[PDB]
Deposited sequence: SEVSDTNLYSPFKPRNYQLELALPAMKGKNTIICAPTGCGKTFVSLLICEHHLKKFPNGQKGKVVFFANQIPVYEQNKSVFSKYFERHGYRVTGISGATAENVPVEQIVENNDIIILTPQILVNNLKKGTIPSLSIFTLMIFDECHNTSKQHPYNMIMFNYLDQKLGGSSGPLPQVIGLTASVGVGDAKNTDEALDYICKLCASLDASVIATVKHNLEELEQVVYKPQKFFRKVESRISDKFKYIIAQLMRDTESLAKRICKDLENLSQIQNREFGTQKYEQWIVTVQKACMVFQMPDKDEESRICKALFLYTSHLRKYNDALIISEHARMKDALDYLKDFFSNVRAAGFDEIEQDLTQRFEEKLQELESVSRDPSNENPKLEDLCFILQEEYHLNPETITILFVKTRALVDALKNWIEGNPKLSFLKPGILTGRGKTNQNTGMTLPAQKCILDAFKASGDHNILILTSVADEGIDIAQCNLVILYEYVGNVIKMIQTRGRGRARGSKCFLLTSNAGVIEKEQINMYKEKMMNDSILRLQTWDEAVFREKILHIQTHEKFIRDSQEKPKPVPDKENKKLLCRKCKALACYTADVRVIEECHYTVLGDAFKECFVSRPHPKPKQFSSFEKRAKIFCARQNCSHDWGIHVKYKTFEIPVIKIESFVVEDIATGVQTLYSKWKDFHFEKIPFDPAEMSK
């Protein structure tokens, strides 16, 4: 359960060796518990390995909050018995606390890295040598300009700067090292090297002496990809779609601020992109108007479901779902709006059924799926099969379809001890796994996995992924054969070259250009404000002042409010024209003042003296006379 006493498995003992022997290691092991337990061991040996009058300090880096939390607990619980001081710091703690002190008085610190990057940048923590051990969760992210790398740039600057200063052991954990954009083993192997260089790892630990034991707590099924296709012509999706347009235009006219309700533009019926757009519009409207909408949208949703049922199951099943829903409102409480929609449907109802019964509108997708089930079960009749589909709706359709089938009468299906096939949308020891048009992709011997998609891209993407997993396995298998001394030297060339381009590629101060400039909405090219009215908060954030602007923009209220540096996210802000409605940035309370904060990418820079129109995506890029903030 991850939260108690455990017997380490041989394979984890093996994985830890190189860490325990003191080398900087990358630990490539498959997903889950594995890594946690392993990083518990290392950590336990690290702080134990010390002689009296000496203490270790371990820091553990984690990318997501959920991970920062689940790992703060595990570490706390586990090292509780032992007497060590354990904490974490994340975005939500970090606000106003003596970060040097928290480290100073702690044996295990859990962090999200952007904290450390921030605190080394300030000088509040002068050096990494305070730490004895660094652990990088999901360490394959150590590249490019990621926090992990910023940390290492600091470390490698201390290491190669020829400066002492001791430095910590560095460990990274991963299920999968990556291969970047490599096209063959040669390049993959270059990629993994540069990766090791960045972590100053001299060893990559994987499981070798304990394969029989790993390959049984982590299948690893047989991967089968199987292309299909939808029907030749779907004249049913034409009917329901026309009904959706119809009911959308009916909601538009009762609402008219409709499109503005969400910036989820270019929506397409019968896509889950649409199902969200629905929800975002229903939560958004902040009420006789809002109650009219809930009803119209509650109808478009079932319509949307319906299409998704048609496309992956059969029309008979889409229709049924719809007859059901409509039945359920003819059965009270009934009002004009609802009786309207029910009528506009009742009108197609006859035609929908002709298209439904039409022999040439069966779903070729289902015959394939069928084949697969007859193929696999004739091999083994005691097979227990699991079926993943996209929507809770499609779950029933597929169940009904199977029950209502003479070609596969042999199944006993179930859903969300006697049953022998299970259908589902979310959540093992089953022996047959089928991802049917599942979108998707997320998550003892002889086991098979089938993906079935009409999409080529997916099938082709997934096959590229399999070729990379081999490319990756082989490379590792072979750099594992290099003698460490040789490997450490290859790494050092890399570290060196990489260090050099960091300093070289830096650039002097940028000479600021006094000339006043217009900011123009990037979309409609209407005037927004002037750079004269712009001010800079905390060196990083930009506001305008004065009311000439207080009405150049409109403010729909944010659906994701948060606080950062200081100050609260309250609203998104938008170009005030009715057909432009470009996204301008946001509007916050800061200290005492509600103020707008704007992103330059939402604008064109036109010099007034000349008319020249430059475009920036980052304020760091845009060099003008920036002025800090206060009374006004």
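According to the record, C-alpha coordinates are lacking for deposited residues 1-6, 293-302, 433-461, 473-477, 494-503, 693-696.
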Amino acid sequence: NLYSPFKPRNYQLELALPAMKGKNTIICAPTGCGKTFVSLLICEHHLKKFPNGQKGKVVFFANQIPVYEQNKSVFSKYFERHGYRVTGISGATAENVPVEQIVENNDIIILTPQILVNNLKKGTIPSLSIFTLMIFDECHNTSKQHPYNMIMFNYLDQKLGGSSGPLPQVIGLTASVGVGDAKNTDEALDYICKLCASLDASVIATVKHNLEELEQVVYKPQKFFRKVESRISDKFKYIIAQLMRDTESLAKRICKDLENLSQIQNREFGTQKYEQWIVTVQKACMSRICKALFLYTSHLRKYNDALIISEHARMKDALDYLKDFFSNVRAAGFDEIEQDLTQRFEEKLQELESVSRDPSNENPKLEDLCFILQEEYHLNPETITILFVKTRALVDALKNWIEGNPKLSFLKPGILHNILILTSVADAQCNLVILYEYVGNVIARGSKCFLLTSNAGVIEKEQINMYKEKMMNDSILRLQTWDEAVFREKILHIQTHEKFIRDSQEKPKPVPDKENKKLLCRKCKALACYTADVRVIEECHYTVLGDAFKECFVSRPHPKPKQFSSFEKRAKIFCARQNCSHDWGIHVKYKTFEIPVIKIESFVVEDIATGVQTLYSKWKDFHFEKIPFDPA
From here on, numbers count along this sequence of modelled residues.
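With 204-212 and 277-285 compared on mean CA B-factor from the PDB entry, the stretch scoring higher is 277-285. For the pair 136-144 and 77-85, the record assigns the higher mean C-alpha temperature factor to 77-85. Remark: of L128, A241, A332, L479, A332 shows the highest value [criterion: C-alpha B-factor in the PDB entry]. Within the selection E601, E69, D583, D607, the deposited Cα B-factor values reach their highest point at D607. Ranked within its chain, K448 lands in the highest third, by CA B factor from the PDB record. Sorting the modelled residues of the chain by their CA temperature factor places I192 in the lowest third. Split the chain's modelled residues into thirds by C-alpha temperature factor. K122 is in the middle one. Split the chain's modelled residues into thirds by C-alpha temperature factor. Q54 is in the middle one. Annotation for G172: CA B-factor lies in the lowest third of the chain's modelled residues.
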